[PDB]
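Asker: File name target10.cif; file contents mmCIF, C-alpha atoms; full text below.
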```
data_query
loop_
_atom_site.label_atom_id
_atom_site.label_comp_id
_atom_site.auth_asym_id
_atom_site.auth_seq_id
_atom_site.Cartn_x
_atom_site.Cartn_y
_atom_site.Cartn_z
CA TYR A 1 0.00 0.00 0.00
CA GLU A 2 1.01 3.65 -0.41
CA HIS A 3 -0.16 6.52 1.82
CA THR A 4 0.52 10.19 1.06
CA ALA A 5 0.04 13.28 3.24
CA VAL A 6 1.81 16.44 4.43
CA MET A 7 3.42 16.85 7.86
CA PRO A 8 4.88 19.88 9.69
CA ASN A 9 8.61 20.56 9.64
CA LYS A 10 8.98 20.27 13.42
CA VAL A 11 11.56 17.99 14.96
CA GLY A 12 10.86 16.94 18.55
CA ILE A 13 7.20 15.99 18.11
CA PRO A 14 5.96 13.01 16.06
CA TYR A 15 3.50 13.03 13.16
CA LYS A 16 0.74 10.45 13.60
CA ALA A 17 -1.77 9.10 11.09
CA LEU A 18 -3.95 6.04 10.46
CA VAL A 19 -3.41 4.41 7.06
CA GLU A 20 -6.38 2.27 6.03
CA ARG A 21 -7.25 0.36 2.87
CA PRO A 22 -10.83 -1.08 2.87
CA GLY A 23 -11.02 -4.80 3.60
CA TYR A 24 -8.04 -4.68 5.96
CA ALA A 25 -7.58 -3.32 9.47
CA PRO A 26 -6.05 0.20 9.75
CA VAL A 27 -2.41 0.47 10.85
CA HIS A 28 -1.11 3.42 12.84
CA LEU A 29 1.81 5.23 11.20
CA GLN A 30 3.99 7.47 13.36
CA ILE A 31 7.00 9.22 11.81
CA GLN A 32 9.20 11.69 13.69
CA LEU A 33 11.95 13.98 12.45
CA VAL A 34 15.15 14.06 14.52
CA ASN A 35 17.51 16.14 12.37
CA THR A 36 16.78 18.57 9.52
CA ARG A 37 19.94 19.77 7.77
CA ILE A 38 19.80 22.39 5.01
CA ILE A 39 23.38 21.86 3.80
CA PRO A 40 24.54 24.33 1.11
CA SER A 41 27.41 23.89 -1.34
CA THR A 42 30.54 25.78 -0.27
CA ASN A 43 33.94 26.48 -1.79
CA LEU A 44 36.73 28.05 0.25
CA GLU A 45 37.82 31.43 -1.12
CA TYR A 46 40.61 31.99 1.42
CA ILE A 47 41.52 31.96 5.12
CA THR A 48 42.36 35.27 6.79
CA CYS A 49 44.41 35.50 9.99
CA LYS A 50 46.71 37.93 11.83
CA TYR A 51 49.86 38.84 9.93
CA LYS A 52 53.49 38.98 11.00
CA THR A 53 55.95 41.54 9.60
CA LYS A 54 59.27 39.74 9.19
CA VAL A 55 62.36 41.95 8.90
CA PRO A 56 65.52 40.43 7.38
CA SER A 57 68.66 42.00 8.80
CA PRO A 58 69.50 45.50 7.43
CA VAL A 59 72.74 45.66 5.44
CA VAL A 60 74.84 48.73 6.25
CA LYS A 61 76.88 49.54 3.14
CA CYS A 62 79.75 51.71 4.35
CA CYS A 63 81.52 54.17 2.19
CA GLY A 64 79.45 54.08 -0.97
CA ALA A 65 75.75 53.32 -1.32
CA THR A 66 73.40 50.31 -1.71
CA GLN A 67 70.29 50.65 -3.84
CA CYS A 68 67.90 47.67 -3.74
CA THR A 69 65.67 45.79 -6.14
CA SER A 70 62.01 44.78 -5.89
CA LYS A 71 61.40 41.20 -4.82
CA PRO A 72 58.41 38.84 -5.10
CA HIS A 73 57.26 39.04 -1.48
CA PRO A 74 53.84 40.09 -0.16
CA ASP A 75 53.67 43.76 0.84
CA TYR A 76 57.43 44.09 0.32
CA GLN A 77 59.01 47.46 1.11
CA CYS A 78 62.29 49.05 0.04
CA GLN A 79 63.79 52.36 0.98
CA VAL A 80 67.32 53.50 1.80
CA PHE A 81 68.17 56.05 4.50
CA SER A 82 71.16 58.37 4.27
CA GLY A 83 73.60 59.51 6.95
CA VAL A 84 73.17 56.92 9.72
CA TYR A 85 76.55 56.24 11.38
CA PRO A 86 75.13 53.47 13.60
CA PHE A 87 76.58 52.48 16.98
CA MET A 88 76.90 48.80 17.83
CA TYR A 89 78.36 47.43 21.05
CA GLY A 90 81.99 48.19 21.82
CA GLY A 91 82.59 50.87 19.20
CA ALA A 92 81.10 52.81 16.33
CA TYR A 93 80.34 51.46 12.83
CA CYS A 94 82.41 52.50 9.82
CA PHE A 95 83.21 56.18 10.47
CA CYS A 96 82.54 57.42 6.87
CA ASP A 97 80.09 59.84 8.61
CA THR A 98 78.00 60.36 5.43
CA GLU A 99 77.31 56.65 4.90
CA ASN A 100 74.35 57.32 2.59
CA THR A 101 73.14 53.80 3.39
CA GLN A 102 70.70 51.67 5.36
CA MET A 103 68.36 48.88 4.25
CA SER A 104 65.11 48.68 6.16
CA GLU A 105 63.54 45.54 4.69
CA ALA A 106 60.14 44.41 5.97
CA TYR A 107 57.62 42.02 4.45
CA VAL A 108 54.36 40.42 5.59
CA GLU A 109 53.76 36.70 6.09
CA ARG A 110 51.53 34.28 7.97
CA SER A 111 51.89 33.98 11.74
CA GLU A 112 52.24 30.81 13.79
CA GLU A 113 48.67 31.26 15.07
CA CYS A 114 47.35 31.31 11.48
CA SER A 115 47.38 27.49 11.42
CA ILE A 116 45.37 27.37 14.68
CA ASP A 117 42.94 30.33 14.56
CA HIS A 118 41.88 31.57 11.13
CA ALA A 119 38.61 32.81 9.63
CA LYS A 120 37.65 30.96 6.44
CA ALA A 121 35.64 32.83 3.78
CA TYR A 122 33.11 30.53 2.13
CA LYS A 123 30.77 31.29 -0.74
CA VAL A 124 27.32 29.73 -0.50
CA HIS A 125 24.91 28.32 -3.07
CA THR A 126 21.58 26.57 -2.59
CA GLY A 127 23.01 23.06 -2.26
CA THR A 128 20.90 20.25 -0.82
CA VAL A 129 18.76 19.44 2.23
CA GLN A 130 18.34 16.13 4.08
CA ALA A 131 17.21 14.78 7.47
CA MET A 132 17.19 11.67 9.64
CA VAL A 133 13.75 10.19 10.32
CA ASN A 134 12.53 7.65 12.86
CA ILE A 135 9.48 5.65 11.82
CA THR A 136 7.11 3.12 13.37
CA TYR A 137 4.07 1.51 11.76
CA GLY A 138 1.72 -1.11 13.15
CA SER A 139 3.67 -3.52 15.35
CA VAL A 140 7.24 -2.95 14.09
CA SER A 141 9.44 -1.10 16.59
CA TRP A 142 11.04 2.29 15.98
CA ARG A 143 13.58 2.29 13.15
CA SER A 144 15.60 5.30 11.98
CA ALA A 145 17.68 6.28 8.96
CA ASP A 146 19.24 9.24 7.15
CA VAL A 147 17.09 10.31 4.19
CA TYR A 148 17.36 13.04 1.57
CA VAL A 149 14.61 15.68 1.51
CA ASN A 150 13.46 15.62 -2.13
CA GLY A 151 10.73 13.92 -4.16
CA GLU A 152 13.10 11.69 -6.13
CA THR A 153 15.30 9.67 -3.76
CA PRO A 154 13.48 6.94 -1.76
CA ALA A 155 14.66 5.40 1.53
CA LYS A 156 14.40 1.90 3.02
CA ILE A 157 13.46 2.32 6.68
CA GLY A 158 13.16 -1.35 7.58
CA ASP A 159 11.25 -2.65 4.56
CA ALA A 160 8.80 0.23 3.91
CA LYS A 161 9.87 2.73 1.24
CA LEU A 162 9.88 6.40 2.26
CA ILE A 163 9.83 9.58 0.17
CA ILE A 164 9.76 13.05 1.76
CA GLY A 165 10.26 16.53 0.35
CA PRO A 166 10.80 18.82 -1.39
CA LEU A 167 10.86 21.36 1.45
CA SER A 168 7.84 23.65 1.13
CA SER A 169 10.07 26.75 1.32
CA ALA A 170 13.53 27.40 -0.11
CA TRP A 171 14.50 29.66 2.82
CA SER A 172 17.97 29.01 4.23
CA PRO A 173 19.56 30.91 7.15
CA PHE A 174 22.78 31.48 5.19
CA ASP A 175 23.48 33.77 2.23
CA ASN A 176 25.91 33.93 -0.69
CA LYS A 177 28.98 34.77 1.46
CA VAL A 178 29.68 33.53 5.00
CA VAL A 179 32.68 33.41 7.35
CA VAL A 180 33.52 30.36 9.48
CA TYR A 181 35.54 30.96 12.66
CA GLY A 182 35.99 28.36 15.39
CA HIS A 183 32.69 26.61 16.06
CA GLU A 184 30.64 29.58 14.81
CA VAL A 185 29.66 31.17 11.50
CA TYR A 186 28.96 34.83 10.73
CA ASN A 187 26.99 36.40 7.89
CA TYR A 188 29.82 38.79 7.03
CA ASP A 189 28.46 39.76 3.64
CA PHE A 190 31.76 40.95 2.00
CA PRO A 191 34.78 38.71 2.06
CA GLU A 192 37.11 40.28 -0.52
CA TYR A 193 38.54 38.19 -3.35
CA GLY A 194 41.88 39.87 -4.07
CA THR A 195 41.13 43.44 -2.91
CA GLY A 196 41.92 44.13 0.74
CA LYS A 197 41.46 47.49 2.47
CA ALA A 198 44.35 47.44 4.98
CA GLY A 199 42.84 46.09 8.16
CA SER A 200 39.03 45.65 8.14
CA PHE A 201 38.45 41.94 7.61
CA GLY A 202 40.58 40.99 4.62
CA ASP A 203 44.17 42.19 4.89
CA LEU A 204 46.13 38.89 4.65
CA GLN A 205 44.12 36.71 2.25
CA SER A 206 45.69 33.28 1.66
CA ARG A 207 43.98 31.14 -0.99
CA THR A 208 44.31 28.12 1.32
CA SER A 209 45.90 27.16 4.63
CA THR A 210 49.25 26.49 2.89
CA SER A 211 49.25 28.72 -0.23
CA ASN A 212 52.69 30.14 -1.11
CA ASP A 213 51.21 33.51 -2.12
CA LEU A 214 49.60 35.61 0.64
CA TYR A 215 47.99 38.76 -0.70
CA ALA A 216 49.08 41.23 2.00
CA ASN A 217 47.82 44.79 2.36
CA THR A 218 48.80 46.41 5.67
CA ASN A 219 50.19 49.87 4.73
CA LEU A 220 53.63 48.65 5.81
CA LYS A 221 55.85 51.73 6.01
CA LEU A 222 59.51 51.84 7.03
CA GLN A 223 60.98 54.63 9.14
CA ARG A 224 64.40 56.20 9.72
CA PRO A 225 66.55 54.53 12.42
CA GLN A 226 67.17 57.50 14.70
CA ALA A 227 70.30 58.62 16.55
CA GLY A 228 72.60 56.07 14.95
CA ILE A 229 71.37 52.65 16.07
CA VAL A 230 70.91 49.46 14.04
CA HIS A 231 67.25 48.51 13.90
CA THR A 232 64.49 48.26 11.28
CA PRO A 233 61.60 50.35 12.65
CA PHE A 234 58.32 50.30 10.76
CA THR A 235 54.69 51.35 11.21
CA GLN A 236 51.59 49.56 9.88
CA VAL A 237 47.87 49.65 10.62
CA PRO A 238 46.85 47.07 13.28
CA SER A 239 45.65 43.67 12.07
CA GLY A 240 42.23 43.56 10.44
CA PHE A 241 41.76 39.97 11.53
CA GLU A 242 42.28 41.08 15.14
CA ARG A 243 39.84 43.96 14.66
CA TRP A 244 37.14 41.70 13.23
CA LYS A 245 37.86 39.10 15.93
CA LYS A 246 37.28 41.87 18.49
CA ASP A 247 34.26 43.87 17.27
CA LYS A 248 32.30 41.23 15.34
CA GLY A 249 28.52 41.22 15.42
CA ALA A 250 26.45 38.38 16.80
CA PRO A 251 27.08 34.90 15.32
CA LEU A 252 24.52 33.21 13.06
CA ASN A 253 24.32 30.50 15.73
CA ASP A 254 22.56 33.04 17.99
CA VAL A 255 20.47 35.15 15.57
CA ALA A 256 19.29 32.51 13.10
CA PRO A 257 15.45 32.53 12.87
CA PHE A 258 13.20 29.49 13.40
CA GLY A 259 15.46 28.36 16.27
CA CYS A 260 18.21 26.28 14.63
CA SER A 261 21.72 25.59 15.87
CA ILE A 262 24.58 25.57 13.36
CA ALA A 263 26.76 22.49 13.03
CA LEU A 264 30.06 23.27 11.33
CA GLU A 265 31.68 20.24 9.70
CA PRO A 266 29.36 19.98 6.65
CA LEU A 267 28.23 23.53 7.62
CA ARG A 268 24.66 22.51 8.38
CA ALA A 269 21.62 24.27 9.90
CA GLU A 270 20.04 21.65 12.13
CA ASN A 271 16.38 21.54 13.17
CA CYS A 272 15.27 24.81 11.54
CA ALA A 273 11.50 24.39 11.71
CA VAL A 274 10.03 26.22 8.73
CA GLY A 275 7.53 25.03 6.15
CA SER A 276 6.09 21.57 5.62
CA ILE A 277 7.18 18.15 4.34
CA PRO A 278 5.17 16.26 1.71
CA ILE A 279 5.28 12.61 2.84
CA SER A 280 4.70 9.35 0.96
CA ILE A 281 5.17 6.01 2.72
CA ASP A 282 4.95 2.59 1.06
CA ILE A 283 4.10 0.03 3.76
CA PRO A 284 4.45 -3.74 3.11
CA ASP A 285 1.22 -5.63 2.45
CA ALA A 286 2.25 -8.03 5.23
CA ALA A 287 1.86 -5.14 7.69
CA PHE A 288 -1.93 -5.29 7.19
CA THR A 289 -4.26 -8.02 8.43
CA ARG A 290 -7.73 -9.15 7.39
CA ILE A 291 -10.42 -7.19 9.21
CA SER A 292 -12.17 -10.45 10.17
CA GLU A 293 -9.78 -11.14 13.06
CA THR A 294 -9.54 -7.52 14.26
CA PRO A 295 -12.12 -6.01 16.67
CA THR A 296 -15.10 -4.45 14.93
CA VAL A 297 -16.09 -1.30 16.85
CA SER A 298 -19.70 -0.11 17.15
CA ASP A 299 -22.06 1.00 19.91
CA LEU A 300 -19.63 3.79 20.82
CA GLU A 301 -19.84 6.93 22.96
CA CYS A 302 -17.21 9.50 24.01
CA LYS A 303 -17.49 11.36 27.33
CA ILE A 304 -14.84 14.02 27.98
CA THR A 305 -13.79 13.86 31.64
CA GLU A 306 -11.46 16.87 32.04
CA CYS A 307 -8.88 18.80 30.01
CA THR A 308 -6.92 22.04 29.70
CA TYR A 309 -5.36 23.50 26.56
CA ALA A 310 -1.71 23.39 27.60
CA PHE A 311 1.29 22.26 25.58
CA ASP A 312 1.72 18.95 27.42
CA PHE A 313 -1.00 16.28 27.38
CA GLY A 314 -3.32 18.22 29.66
CA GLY A 315 -6.39 16.26 28.64
CA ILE A 316 -8.34 13.14 29.53
CA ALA A 317 -11.35 11.62 27.80
CA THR A 318 -13.06 8.24 28.18
CA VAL A 319 -14.99 6.29 25.56
CA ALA A 320 -17.60 3.68 26.47
CA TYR A 321 -18.01 0.91 23.95
CA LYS A 322 -19.78 -2.43 23.53
CA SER A 323 -17.36 -5.12 22.41
CA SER A 324 -17.46 -7.33 19.32
CA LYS A 325 -14.39 -9.44 20.12
CA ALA A 326 -11.32 -9.14 22.32
CA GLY A 327 -8.24 -7.64 20.70
CA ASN A 328 -5.85 -4.70 20.33
CA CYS A 329 -6.55 -1.96 17.79
CA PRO A 330 -5.39 1.64 17.11
CA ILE A 331 -6.61 5.18 17.80
CA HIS A 332 -6.16 8.41 15.83
CA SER A 333 -7.89 11.79 15.49
CA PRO A 334 -7.50 13.06 11.90
CA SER A 335 -8.80 16.52 12.85
CA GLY A 336 -6.40 19.34 13.71
CA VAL A 337 -7.95 20.29 17.05
CA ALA A 338 -6.58 17.52 19.29
CA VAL A 339 -3.46 15.34 19.24
CA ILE A 340 -3.62 11.99 21.04
CA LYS A 341 -0.81 10.41 23.06
CA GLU A 342 -2.01 6.80 22.84
CA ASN A 343 -1.50 4.66 19.74
CA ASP A 344 -3.21 1.32 20.51
CA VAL A 345 -5.76 0.08 23.03
CA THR A 346 -6.78 -3.38 24.23
CA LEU A 347 -10.54 -3.77 23.79
CA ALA A 348 -11.93 -6.52 26.04
CA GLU A 349 -15.61 -7.37 26.61
CA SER A 350 -17.57 -4.12 26.96
CA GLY A 351 -14.18 -2.42 26.66
CA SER A 352 -14.49 1.16 27.91
CA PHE A 353 -11.13 2.94 27.97
CA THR A 354 -9.49 6.34 28.45
CA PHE A 355 -7.05 8.37 26.38
CA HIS A 356 -5.06 11.55 27.01
CA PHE A 357 -4.69 14.34 24.47
CA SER A 358 -3.52 17.92 23.94
CA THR A 359 -5.39 20.77 22.26
CA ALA A 360 -5.29 24.55 21.84
CA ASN A 361 -9.05 25.19 21.60
CA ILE A 362 -11.36 26.48 24.32
CA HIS A 363 -14.20 24.21 23.17
CA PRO A 364 -12.67 21.38 21.09
CA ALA A 365 -14.40 19.80 18.12
CA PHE A 366 -12.11 16.86 17.30
CA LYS A 367 -13.45 13.50 16.11
CA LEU A 368 -11.78 10.35 17.42
CA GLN A 369 -11.63 7.30 15.15
CA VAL A 370 -11.15 3.97 16.93
CA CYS A 371 -10.52 0.87 14.83
CA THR A 372 -12.37 1.53 11.52
CA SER A 373 -15.23 3.58 13.06
CA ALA A 374 -15.54 7.25 14.01
CA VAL A 375 -16.89 8.87 17.18
CA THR A 376 -17.19 12.64 17.61
CA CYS A 377 -16.25 14.00 21.04
CA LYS A 378 -17.70 17.51 21.12
CA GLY A 379 -15.71 18.25 24.27
CA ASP A 380 -16.44 20.51 27.23
CA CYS A 381 -15.63 24.16 27.86
CA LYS A 382 -12.07 23.72 29.08
CA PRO A 383 -10.18 26.18 31.32
CA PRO A 384 -6.77 27.84 30.88
CA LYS A 385 -3.66 27.46 33.05
CA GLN A 394 7.00 23.14 23.23
CA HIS A 395 4.36 20.71 21.92
CA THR A 396 1.69 20.33 19.25
CA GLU A 397 -0.92 23.08 18.92
CA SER A 398 -3.02 24.08 15.91
CA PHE A 399 -4.15 27.35 17.51
CA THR A 400 -6.37 28.61 14.67
#
```
Show this structure as structure tokens.

Answerer:
Amino acid sequence: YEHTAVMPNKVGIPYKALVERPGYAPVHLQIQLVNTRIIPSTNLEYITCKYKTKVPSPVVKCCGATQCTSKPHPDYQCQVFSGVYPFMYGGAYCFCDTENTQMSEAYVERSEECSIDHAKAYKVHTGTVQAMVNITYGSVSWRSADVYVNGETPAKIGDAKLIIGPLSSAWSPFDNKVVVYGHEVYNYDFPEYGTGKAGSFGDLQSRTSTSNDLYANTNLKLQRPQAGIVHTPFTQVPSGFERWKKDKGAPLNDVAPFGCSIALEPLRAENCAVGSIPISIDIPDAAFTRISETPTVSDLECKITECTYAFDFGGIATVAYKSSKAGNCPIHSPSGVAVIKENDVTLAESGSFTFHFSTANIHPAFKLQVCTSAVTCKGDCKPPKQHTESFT
């Protein structure tokens, strides 16, 4: 058999239904989401970190002069200072007194912390969405399995064949450009490709964690060594990675709508309850039984004892019933007013039983259906005083 419906995209609660083909006894289907992962497709543009300005030793070219060349280093800086006469330990340095020479040489590179703490700049496309469902039907125990959310791909949970999706809405918490740092992700909308602005977010952009070409823009500027002393002073804007790491906005783990955490390894968005899931289950024929051996149910009445429209199962009702034969058969309320905790009941001779339920209505109007027959419990005027509520 094959039963189709639509269920809500909510994780913790189960979705219950009664699938029934005439001639056979109904079987209770109960399928519950556990995970719901809208996983986009990401490619790593670069990883930005805090820089380090390495300074190879300055060559002091006594009497004469030493012009330099340009070199293939990131943010490399030449300039030569004139008239230094430096003073090392235990004497002066090369008394020419108009040396016309000094070589301040500074260039940017990755720091040792760059391999431990870096912010990766991912681009984002729509990608895919999947989940992991847990299903029970009839008498078979709970069985769970990862399943794609789309109309095409089926899934073998036990023996029954499952098809869910596509998701009723294409909304995703992410957007075209995101930044991953640590365990968290930020919707920083403008990672820069090869155009850094000297210390905002992108100032040392490395195409990967080990690229041998680090686009460095830090306004590295060399300065005169004053009063005749050998050192390579410089002055650059503070790190942009440090600035972003300091004054970032809130993460997307804490401002994402629809209440979803953000797993990082596939860069998922777990349990983000929005929309609906079309559902189509294919149950084995063996799961059904001939209606001859199941309890026929007639001479039925439903008295509501007491209830309250809270999230939890704040409801009790009792149905009186005149038996046909002893057995065990299911319950389900297909209406949207009430949701019933109990799945199956043992009907003995004159079996009158009770069931608990939850509702959001002041005066309910749900109709219970117990083992191939329907009884309407109008319900009483119930008082007031995380779970399933229609609330319409």

Asker: What does the PyMOL selection byres ((chain A and resi 76) around 8) select in this file, as a ChimeraX atom specification?

Answerer: /A:70-75,77-78,105-108

Asker: Let me know the residues the PyMOL selection byres ((chain A and resi 40) around 12) catches in the file above, as a ChimeraX atom specification.

Answerer: /A:37-39,41-43,122-130,170-178,264-269

Asker: How far is it from atom CA of residue A:157 to atom CA of residue A:25, in Å with one decimal?

Answerer: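 Going from atom CA of residue A:157 over to atom CA of residue A:25 covers 22.0 Å.
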
Asker: A:325, A:303, A:3, A:243: which is nearest residue A:376, counting all atoms listed in the file?

Answerer: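 Among A:325, A:303, A:3, A:243, it is A:303 that comes nearest to residue A:376.
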
Asker: Take the PyMOL selection byres ((chain A and resi 58) around 9), apply it to the structure above, and return the hits as a compact mmCIF listing (two decimals) with C-alpha atoms, keeping the file's coordinate frame.

Answerer:
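Result written to result37.txt:
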```txt
# COMPACT_ATOMS: atom_id res chain seq x y z
CA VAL A 55 62.36 41.95 8.90
CA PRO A 56 65.52 40.43 7.38
CA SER A 57 68.66 42.00 8.80
CA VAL A 59 72.74 45.66 5.44
CA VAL A 60 74.84 48.73 6.25
CA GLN A 102 70.70 51.67 5.36
CA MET A 103 68.36 48.88 4.25
CA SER A 104 65.11 48.68 6.16
CA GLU A 105 63.54 45.54 4.69
CA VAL A 230 70.91 49.46 14.04
CA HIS A 231 67.25 48.51 13.90
CA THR A 232 64.49 48.26 11.28
```

Asker: If we draw a sphere of 6 Å around (48.1, 41.7, 9.1), which residues have at least one atom in it when counting only C-alpha atoms? Please report them as a list in words.

Answerer: residues 50, 51, 203, 204, 218 and 239 of chain A

Asker: Write out as a ChimeraX atom specification the residues lying within 8 Å of residue A:179, counting all atoms listed in the file and excluding same-chain residues fewer than 4 positions away.

Answerer: /A:119-122,185-188,191

Asker: Let me see the file: selected residues, C-alpha atoms, as a PDB file, in the frame of the given file.

Answerer:
```pdb
ATOM      1  CA  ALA A 119      38.610  32.810   9.630  1.00  0.00           C
ATOM      2  CA  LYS A 120      37.650  30.960   6.440  1.00  0.00           C
ATOM      3  CA  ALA A 121      35.640  32.830   3.780  1.00  0.00           C
ATOM      4  CA  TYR A 122      33.110  30.530   2.130  1.00  0.00           C
ATOM      5  CA  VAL A 185      29.660  31.170  11.500  1.00  0.00           C
ATOM      6  CA  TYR A 186      28.960  34.830  10.730  1.00  0.00           C
ATOM      7  CA  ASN A 187      26.990  36.400   7.890  1.00  0.00           C
ATOM      8  CA  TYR A 188      29.820  38.790   7.030  1.00  0.00           C
ATOM      9  CA  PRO A 191      34.780  38.710   2.060  1.00  0.00           C
TER      10      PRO A 191
END
```

Asker: With a distance cut-off of 12 Å and all atoms listed in the file, select the neighbouring residues of residue A:286, excluding the residue or stretch itself and same-chain residues fewer than 5 positions from it, and output the selection as a PDB file with C-alpha atoms, in the coordinates of the input.

Answerer:
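Listing of around_36.pdb after writing:
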```
ATOM      1  CA  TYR A   1       0.000   0.000   0.000  1.00  0.00           C
ATOM      2  CA  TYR A  24      -8.040  -4.680   5.960  1.00  0.00           C
ATOM      3  CA  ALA A  25      -7.580  -3.320   9.470  1.00  0.00           C
ATOM      4  CA  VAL A  27      -2.410   0.470  10.850  1.00  0.00           C
ATOM      5  CA  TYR A 137       4.070   1.510  11.760  1.00  0.00           C
ATOM      6  CA  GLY A 138       1.720  -1.110  13.150  1.00  0.00           C
ATOM      7  CA  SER A 139       3.670  -3.520  15.350  1.00  0.00           C
ATOM      8  CA  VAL A 140       7.240  -2.950  14.090  1.00  0.00           C
ATOM      9  CA  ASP A 159      11.250  -2.650   4.560  1.00  0.00           C
ATOM     10  CA  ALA A 160       8.800   0.230   3.910  1.00  0.00           C
TER      11      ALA A 160
END
```

Asker: Rounded to one decimal, what separation in Å do you get between atom CA of residue A:382 and atom CA of residue A:309?

Answerer: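 Interatomic distance, atom CA of residue A:382 to atom CA of residue A:309: 7.2 Å.
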
Asker: Skipping near chain neighbours, those fewer than 3 positions away, what residues fall within 7 Å of residue A:209 using all atoms listed in the file, listed as a PDB file with C-alpha atoms, in the coordinates of the input?

Answerer:
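Below is the file part-v8.pdb, written as the result:
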```
ATOM      1  CA  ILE A  47      41.520  31.960   5.120  1.00  0.00           C
ATOM      2  CA  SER A 115      47.380  27.490  11.420  1.00  0.00           C
ATOM      3  CA  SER A 206      45.690  33.280   1.660  1.00  0.00           C
TER       4      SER A 206
END
```

Asker: List as a PyMOL selection string the protein and nucleic acid residues near residue A:31, meaning an atom at most 9 Å away when all atoms listed in the file are counted, but skip any in the same chain fewer than 6 places from it.

Answerer: chain A and resi 14-17+133-137

Asker: So that I can check the surroundings of residue A:221, please list as a PyMOL selection string every protein, DNA and RNA residue that reaches within 8 Å of it, counting only C-alpha atoms and ignoring chain neighbours fewer than 2 positions away.

Answerer: chain A and resi 77+219+223+234-236

Asker: Using only C-alpha atoms, can you tell me which of A:308, A:79, A:217, A:150 comes closest to residue A:237?

Answerer: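 Of A:308, A:79, A:217, A:150, the one nearest residue A:237, counting only C-alpha atoms, is A:217.
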
Asker: So how many Å separate atom CA of residue A:167 and atom CA of residue A:184, to one decimal?

Answerer: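 Here the two named atoms are 25.2 Å from each other.
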